[PDB]
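Presented below, as structure tokens, is a lone chain in the form deposited in one PDB entry.
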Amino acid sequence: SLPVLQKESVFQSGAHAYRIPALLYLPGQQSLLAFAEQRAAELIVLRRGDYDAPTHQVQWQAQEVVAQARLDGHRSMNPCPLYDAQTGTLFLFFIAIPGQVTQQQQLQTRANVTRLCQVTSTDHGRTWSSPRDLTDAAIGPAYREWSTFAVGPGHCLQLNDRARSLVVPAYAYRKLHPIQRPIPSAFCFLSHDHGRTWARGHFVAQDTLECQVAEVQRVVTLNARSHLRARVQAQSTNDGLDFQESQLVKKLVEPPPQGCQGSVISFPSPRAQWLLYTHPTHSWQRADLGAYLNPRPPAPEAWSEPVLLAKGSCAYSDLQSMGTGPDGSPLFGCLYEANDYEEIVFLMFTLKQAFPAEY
């Protein structure tokens, strides 16, 4: 989007202390929660921001550490927030890894010591519950078959099915062969009971990493980072438990050989749903963050050419729809890494600003 409503650095560090953004919109409060990892143990920080209607700007409040989102002796990473519309409760899923090499790792280099955790809030994110280790309940037997894993980063998904199911995007490094290095593959964790029980979905294609999911029958579309020149996408008709054959989305470039995390969300069509996605647009560098639109999701061929949101160094990003903007079109919030990881920038713009040809 050429013109934007707001562009503000919400996290800054010449030492690259802030990375891995996660954004969550609270529709009732009309506020945003911006999460990020803070490095030197590694912790998750947060800044609350209220959408001020009179000025149509988000007023960001002081930064605070999410003290509860951590396990003793562990580093916290990959903030993955979710708003449960049925209860109003907020979930912050995250990963916890020992701060130093453990005795177990000393004997078995690839031993899994990564933990899946969560903290919840019933007061719009002002205070959080003590951490809950979901590892055993969500992963189970497969745990020892991986070297490590992660969720998100970025916002999770809640479906519009009867149960208002929760879907948490993830990926795991599978220890498929003793000599070969572990291979990552994306998948989803699924809960039909607001996080009481969890099911682990089947993996999508091999060599897929950080991913996010959106809903558009109702299908869950998973958009993942790859080591190829294009994004990998797959759709599921059973809430993410099983995905149809993965596809390469040539219209969405991925800078080889490492690729970069990107974000995707669905939003009500301005005419079903459309998809909005953000990711760097350079063919081989993490640069020039762009916004892409898919008016006939999840068809890979329907993705639009990107509109430049920010020129220069840009990496990870996270999107959130924020209701209706001042001009009458869908409002969006985007948190992204910029300037060689020296900052995390917040951008707010509308669909009309980003894709004027639509109006």
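Shifts are known only where both forms have a C-alpha. Residue indices: 1-based, along the sequence shown. Definition used throughout: the rigid core is the maximal C-alpha set that superposes within 1.5 Å between two forms.
Here the subject shifts to the form deposited in another entry, a form of this protein not shown in this document.
Core-based superposition between the shown form and the other one shows that, of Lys175, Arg132, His282, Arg200, only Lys175 has its Cα displaced by 2 Å or more.
Once you line up the core between the shown form and the other one, the Cα of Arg110 ends up 2 Å or more from where it was. Annotation for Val101: C-alpha shift of 2 angstroms or more between the shown form and the other one, rigid core superposed. The pair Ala15 and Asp288 separates in that other deposited form: their C-alpha atoms are at least 3 Å more distant from each other than in the form depicted. Relative to this form, the distance between the C-alpha atoms of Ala15 and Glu254 is increased by at least 3 angstroms in that other deposited form. In sequence order, the runs of at least 3 consecutive residues whose Cα atoms each shift by 2 Å or more between the shown form and the other one, relative to the superposed core, are 14 to 16, 100 to 111, 174 to 183, 205 to 207.
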